[PDB]
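Protein chains in written order, with the entry's author numbering: chain F, 24 to 91; chain E, 12 to 91; chain D, 2 to 88; chain B, 51 to 104, 113 to 238; chain A, 151 to 237; chain A', 101 to 104, 113 to 150. A prime marks a further copy of an entry chain.
Even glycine gets a Cβ: it sits at the ideal position worked out from N, Cα and C.
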Amino acid sequence: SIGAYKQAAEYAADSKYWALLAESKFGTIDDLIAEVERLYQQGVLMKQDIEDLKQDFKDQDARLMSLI
Amino acid sequence: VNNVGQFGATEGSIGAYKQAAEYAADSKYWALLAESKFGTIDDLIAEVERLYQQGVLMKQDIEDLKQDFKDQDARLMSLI
Amino acid sequence: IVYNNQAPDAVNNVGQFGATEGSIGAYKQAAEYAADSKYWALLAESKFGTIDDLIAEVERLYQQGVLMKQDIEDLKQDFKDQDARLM
Amino acid sequence: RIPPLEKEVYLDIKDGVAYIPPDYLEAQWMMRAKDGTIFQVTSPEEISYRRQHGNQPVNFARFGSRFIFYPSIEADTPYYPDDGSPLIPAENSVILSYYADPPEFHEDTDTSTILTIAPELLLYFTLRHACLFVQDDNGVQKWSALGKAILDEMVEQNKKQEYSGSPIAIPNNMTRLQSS
Amino acid sequence: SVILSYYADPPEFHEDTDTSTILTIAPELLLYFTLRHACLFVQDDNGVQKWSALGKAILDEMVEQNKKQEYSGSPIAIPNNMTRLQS
Amino acid sequence: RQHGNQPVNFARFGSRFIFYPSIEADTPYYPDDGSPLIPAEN
Numbered sequence: 024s025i026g027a028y029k030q031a032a033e034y035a036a037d038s039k040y041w042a043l044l045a046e047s048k049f050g051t052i053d054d055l056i057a058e059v060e061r062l063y064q065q066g067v068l069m070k071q072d073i074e075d076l077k078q079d080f081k082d083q084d085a086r087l088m089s090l091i
Numbered sequence: 012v013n014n015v016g017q018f019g020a021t022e023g024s025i026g027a028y029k030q031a032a033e034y035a036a037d038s039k040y041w042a043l044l045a046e047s048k049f050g051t052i053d054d055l056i057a058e059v060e061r062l063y064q065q066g067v068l069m070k071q072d073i074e075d076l077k078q079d080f081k082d083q084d085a086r087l088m089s090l091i
Numbered sequence: 002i003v004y005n006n007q008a009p010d011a012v013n014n015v016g017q018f019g020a021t022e023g024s025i026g027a028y029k030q031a032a033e034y035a036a037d038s039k040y041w042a043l044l045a046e047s048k049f050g051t052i053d054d055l056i057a058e059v060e061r062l063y064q065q066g067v068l069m070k071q072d073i074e075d076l077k078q079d080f081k082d083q084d085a086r087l088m
Numbered sequence: 051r052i053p054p055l056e057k058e059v060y061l062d063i064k065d066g067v068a069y070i071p072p073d074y075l076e077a078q079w080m081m082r083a084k085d086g087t088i089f090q091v092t093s094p095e096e097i098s099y100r101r102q103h104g113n114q115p116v117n118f119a120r121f122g123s124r125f126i127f128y129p130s131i132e133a134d135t136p137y138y139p140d141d142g143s144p145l146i147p148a149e150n151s152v153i154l155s156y157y158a159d160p161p162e163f164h165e166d167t168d169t170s171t172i173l174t175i176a177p178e179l180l181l182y183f184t185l186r187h188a189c190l191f192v193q194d195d196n197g198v199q200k201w202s203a204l205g206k207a208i209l210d211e212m213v214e215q216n217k218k219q220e221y222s223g224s225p226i227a228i229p230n231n232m233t234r235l236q237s238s
Numbered sequence: 151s152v153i154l155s156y157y158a159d160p161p162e163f164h165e166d167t168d169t170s171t172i173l174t175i176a177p178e179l180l181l182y183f184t185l186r187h188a189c190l191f192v193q194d195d196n197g198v199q200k201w202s203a204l205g206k207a208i209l210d211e212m213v214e215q216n217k218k219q220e221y222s223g224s225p226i227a228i229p230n231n232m233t234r235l236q237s
Numbered sequence: 101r102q103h104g113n114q115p116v117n118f119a120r121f122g123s124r125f126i127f128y129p130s131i132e133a134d135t136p137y138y139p140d141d142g143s144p145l146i147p148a149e150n
């Protein structure tokens, strides 16, 4: 498991080979982060809703205890 | 300062830089790490996205059911 | 005492190993591409950490929240139903 | 070859492919930073023989622009774009001492140990090429002789500096340690 | 695979911007050795002698430098024992 | 170190004296208040 010693230009060209794959995997991760941001927006909306419901239920249970 | 003393100092070198092969190896290592992460965590994120999408659909559906049942029983008890 | 991690800046005007005026560009381009690859890897690691942590944490949080909320709501509904049927 | 132009640095072996740094001119003592151990240099054929035929001693050679080692060494060093981070050198960290090629002057404010230790040397060795540029031979010969004398003085000083604290007498070493 | 390490001959310049490791390491070498043939073209003997002596000294320094980086950092005693597998 | 009343040995590793027995040394009292250096033990 031993290779030859290429010239500097060959090693340079070999180094740049590790860029396109990353560029594509990021062109995908951008859409991924957009999707998870949409999910977080839906989650914060549902949390606001659950909070409104929780407060309304606190008030309704207080009213119930007051009446009976 | 030293006059003739050889240990009184030490002149630097051209530059503490490696060969192109070491830079290529470092790039390849970083790329393999990033690619393994990409692949594995992307499969995981896709599976989790499918699972959580189905879960939140079921959740909002059952929430509609619960809310309609709640208001139905509420008005039913109000009418009594 | 030190490491050879600095970047290429000059050529070996004396020395039978290393770089030359016709090869220093290759060294510098390789260093730049390696630094860019490391930047990409770190950005991907940060993105994946953010995604995983945030998703898992918020999922568990609101899942336990809605679970306990539904449990208490169904229990209160059952109690109310039994009290209604009693009268 | 003198101390002030030397340089110590850790290496990354990677069991073979380990490469020679650009500033390599001549290797001094080579060892580790854990309990101490000195390597000895041998030829490619010896290492090729060791590979098949077969760990106290450790050898190495010079394959073009590489430093080969028979045992599968796993020396570790921080990668290139690392920011600072001395890293608290881990174990199995070999430390190489060699003679590094000094930098070339590029600014009037740029100084070097040679200027502060022996400027007449540079002045004579450059007046040589100056008197060559123009047509002159007596000055060339005189400046060359003076520069050579200065260099001889400096190398003789370096010689009298090494192993210069006591005499030596080999105490009939016949490997007292054989059990292991 | 089989690897071979040989002393390759470099290509002729045939261009101004072209360069080589020698121009960076020992330009004085080529300078003096070409001024030798120049002062041979024109009948100049003393110049030929001077340039040839200087080039010879430079080449001697180079070959000596290539020798002091060889298998030096070790004793020359204790001849190796690469005998056989039969002890 | 590997194969090892007690003689001492030292070398020169570029810019560092390396003693085998791992001897310990100390510097004397620094004070410049017109007082002696008071050499140190060991």
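Under 8 Å Cβ to Cβ from residue 1 (chain D), same chain only, skipping five residues before and after it: list those, please.
Residue coverage of chain D in this structure runs from 2 to 88, which leaves residue 1 (chain D) outside it and unanswerable.
Tell me the DSSP secondary structure of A20 (chain E) in three-state form.
As a position in the second sequence, residue 20 (chain E) is number 9, starting the count at 1. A20 (chain E): coil per DSSP, three-state reduction.
Which whole-angstrom value describes the C-beta separation of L55 (chain B) and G16 (chain D), a residue pair presumed to lie in contact below a C-beta threshold of 8 Å?
Against the fourth sequence, residue 55 (chain B) aligns to sequence position 5. Against the third sequence, residue 16 (chain D) aligns to sequence position 15. Their Cβ separation, rounded to whole angstroms, is 12 Å, which puts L55 (chain B) and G16 (chain D) out of contact at 8 Å.
Nearest chain B C-beta to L209 (chain A) closer than 9 Å, yes or no?
The count along the fifth sequence starts at 1 and reaches residue 209 (chain A) at position 59. For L209 (chain A), the answer is no, since every Cβ of chain B falls outside 9 Å of its Cβ.
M88 (chain E) burial status per 10 Å Cβ neighbour count (16 or more: buried):
Position 77 of the second sequence holds residue 88 (chain E). Under this definition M88 (chain E) is an exposed residue.
Using a Cβ-Cβ cut-off of less than 9 Å, list which residues of the stretch 161-172 of chain A approach chain F; keep chain order.
Going along the stretch 161-172 of chain A in chain order, one finds no residue with a Cβ nearer than 9 Å to chain F.
Where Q71 (chain E) falls, given that 16 or more other Cβ within 10 Å makes a residue buried
Position 60 of the second sequence, counted from the first residue, corresponds to residue 71 (chain E). By the 10 Å Cβ count, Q71 (chain E) comes out exposed.
Return the residues of the stretch 34-51 of chain E that lie within a Cβ-Cβ distance of less than 8 Å from chain D, sorted by chain order.
Here the close residues are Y34, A35, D37, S38, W41, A42, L44, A45, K48 and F49.
Which of helix, strand or coil DSSP assigns to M232 (chain B)
The residue you call residue 232 (chain B) lines up with position 174 of the fourth sequence. Reduced to three states, the DSSP call for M232 (chain B) is coil.
Decide if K29 (chain D) is buried, meaning its Cβ has at least 16 other Cβ atoms within 10 Å, or exposed.
To locate residue 29 (chain D), count along the third sequence from 1; it is residue 28. Buried, by the Cβ-count rule.
Considering just the uninterrupted stretch of the alpha helix (DSSP H) at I208 (chain B), what are its terminal residues?
Locating residue 208 (chain B) in the fourth sequence gives position 150, where the first residue counts as 1. Start and end: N196 to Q219.
Assign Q219 (chain A) to buried or exposed, taking buried as 16 or more other Cβ atoms, counted over all protein chains shown, within 10 Å of its Cβ.
Your numbering for residue 219 (chain A) matches position 69 in the fifth sequence. Burial call: buried.
According to the Cβ coordinates, are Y60 (chain B) and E33 (chain E) closer than 9 Å?
Walking along the fourth sequence from the start, residue 60 (chain B) turns up at place 10. Walking along the second sequence from the start, residue 33 (chain E) turns up at place 22. For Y60 (chain B) and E33 (chain E), no; Cβs fall outside 9 Å.
Anything in chain B within Cβ reach of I2 (chain D), meaning under 9 Å, just list it in chain order.
Stepping through the third sequence from its first residue, residue 2 (chain D) is reached at position 1. Result: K57, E58, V59, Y60 and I153.
Using 9 Å as the limit for Cβ to Cβ distance, is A27 (chain F) near chain A?
Within the first sequence, numbered from 1, the residue matching residue 27 (chain F) stands at position 4. Yes, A27 (chain F) lies at the interface with chain A (some Cβ there is under 9 Å from its Cβ).
Helix, strand or coil: which one does DSSP assign to residue 110 (chain A')?
Missing from the coordinates is residue 110 (chain A'); the shown part of chain A' jumps over it, going from 104 to 113.
Around the Cβ of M69 (chain E), are there at least 16 other Cβ atoms within 10 angstroms (buried) or fewer (exposed)?
Along the second sequence, one-based indexing puts residue 69 (chain E) at 58. By the neighbour-count rule (16 or more Cβ atoms within 10 Å), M69 (chain E) is not buried but exposed.
Examine chain A for any beta-carbon lying closer than 9 Å to the beta-carbon of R82 (chain B), and answer yes or no.
Here residue 82 (chain B) refers to the residue found at position 32 when the fourth sequence is read from its first residue. Not an interface residue.
Can you tell me which of B:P144, B:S238 and B:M212 puts its alpha carbon nearest to the alpha carbon of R51 (chain B)?
Walking along the fourth sequence from the start, residue 51 (chain B) turns up at place 1. Ranking the options by Cα distance to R51 (chain B), first place goes to B:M212.
Which stretch, first to last residue, makes up the alpha helix (DSSP H) that contains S47 (chain F)?
Start at 1 with the first residue of the first sequence, and residue 47 (chain F) comes out as number 24. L43 to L90 is the extent of the alpha helix (DSSP H) around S47 (chain F).
Checking contacts by CB at 9 Å: is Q114 (chain A') closer than that to chain B?
Taking the first residue of the sixth sequence as 1, we reach residue 114 (chain A') at position 6. Chain B, which has no Cβ nearer than 9 Å to the Cβ of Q114 (chain A'), makes this no.
By alpha-carbon positions, which one of B:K206, B:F127 and B:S237 ends up nearest to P94 (chain B)?
The residue labelled residue 94 (chain B) in the question sits at position 44 within the fourth sequence. Selected option, being the one with the closest Cα: B:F127.
What residues in the stretch 48-82 of chain E have a beta carbon less than 8 Å from any beta carbon of chain F?
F49, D53, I56, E60, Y63 and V67
Excluding the five sequence neighbours on either side, which residues of its own chain have a C-beta within less than 6 Å of the C-beta of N117 (chain A'), listed in chain order?
By 1-based counting over the sixth sequence, the position of residue 117 (chain A') is 9. Once the five neighbours on either side are set aside, the close Cβ partners of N117 (chain A') are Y128.
Below 9 Å between beta carbons: does that hold for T184 (chain A) and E22 (chain D)?
By 1-based counting over the fifth sequence, the position of residue 184 (chain A) is 34. By 1-based counting over the third sequence, the position of residue 22 (chain D) is 21. For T184 (chain A) and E22 (chain D), no; Cβs fall outside 9 Å.
Starting from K39 (chain F), trace the alpha helix (DSSP H) in both directions and tell me its first and last residue.
Translated into positions along the first sequence, residue 39 (chain F) becomes position 16. Counting along the chain, the alpha helix (DSSP H) containing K39 (chain F) begins and ends at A31 to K39.
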